[PDB]
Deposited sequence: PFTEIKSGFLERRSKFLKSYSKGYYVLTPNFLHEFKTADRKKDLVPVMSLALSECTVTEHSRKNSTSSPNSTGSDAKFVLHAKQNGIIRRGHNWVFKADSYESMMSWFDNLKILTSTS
């Protein structure tokens, strides 16, 4: 009986590779977990687990954000306060499947990282 605040697919940007890779993410009160698939029965080991206690969410796309790309209105930034999966003071960019989906991820993360 897996319990979660939110889960869904997100694309995560690589700063150096300048590309996105899609994964299945699970937000709990303690961690943002990345898994390879949505199958909570057979896919049991997170690819990585980001402790929320030492992350913050800092900025997100506006509904009118433009670039010329996909999901210019659906991105948000997760910032590291301490060394872990992410280096202290560094940032990871995520792309959701819509503005409204992004806002749900952002709002939930913001409350869990206050």
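Undergrad: Can you give me the gaps, meaning deposited-sequence stretches with no C-alpha coordinates, in sequence order?
TA: Those stretches are 68-69, 117-118, listed in order.
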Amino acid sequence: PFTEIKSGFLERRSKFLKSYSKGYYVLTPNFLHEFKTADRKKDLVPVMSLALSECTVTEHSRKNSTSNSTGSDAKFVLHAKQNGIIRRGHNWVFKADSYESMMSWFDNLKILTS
From here on, numbers count along this sequence of modelled residues.
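Undergrad: At least a third of the other compared entries lacking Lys75?
TA: Looking at the other entries that model residues on either side of it, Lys75 is present in every one.
Undergrad: How about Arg88: is it missing in a third or more of the other compared entries?
TA: Yes, left without coordinates in at least a third.
Undergrad: Which has higher Cα B-factors on average according to the PDB entry: 8-16 or 100-108?
TA: Looking at the record's C-alpha B-factors, the answer is 100-108.
Undergrad: If you average the CA temperature factors over each stretch, which comes out higher, 80-88 or 30-38?
TA: Higher of the two, by average CA B-factor, is 80-88.
Undergrad: Taking the C-alpha B-factors as the PDB entry records them, is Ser72 in the lowest, middle or highest third of its chain?
TA: Ranked within chain, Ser72 CA B lands in the lowest tercile.
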